[PDB]
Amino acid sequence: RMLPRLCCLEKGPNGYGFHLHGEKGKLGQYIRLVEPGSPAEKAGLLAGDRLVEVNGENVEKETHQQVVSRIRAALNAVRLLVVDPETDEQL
């Protein structure tokens, strides 16, 4: 597949601008939606990204609330190590 990727977000006027949720059959958190014009978009985050680390801490087995709190408490910037979505399904 492809290597994990680091996205460095600078918090903006309304926050970071993305949403998290779990996935069917999986343990971790994934990006549900990236808001247009957001710091998340500017840093290259994509819907479907799997979160591996938040500010250098592994979050692969943490709960939705635990991951969200690590991000909400990062008041200025947050580093997200992610694995981009892949698929062989072309619609």
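Only the largest set of C-alpha atoms that superpose within 1.5 Å between the two forms is called the rigid core. All residue numbers refer to positions in the sequence shown, first residue = 1.
Engineer: Once the rigid core is lined up, would you tell me whether 33-41 or 47-55 has the higher RMS CA deviation in 8 other deposited structures of this protein?
Structural biologist: Relative to the shown form, the greater RMS C-alpha distance in 8 other deposited structures of this protein belongs to 33-41.
Engineer: Taking the root mean square of C-alpha distances over all structures and residues in 8 other deposited structures of this protein, with a rigid core superposition, name the larger of 75-83 and 21-29.
Structural biologist: Relative to the shown form, the greater RMS C-alpha distance in 8 other deposited structures of this protein belongs to 21-29.
Engineer: On mean Cα temperature factor in this entry, is 74-82 or 5-13 the higher one?
Structural biologist: According to the PDB entry, the answer is 5-13.
Engineer: Looking only at CA atoms, which has the higher mean B factor in the entry: 58-66 or 42-50?
Structural biologist: Stretch with the higher mean C-alpha B-factor: 58-66.
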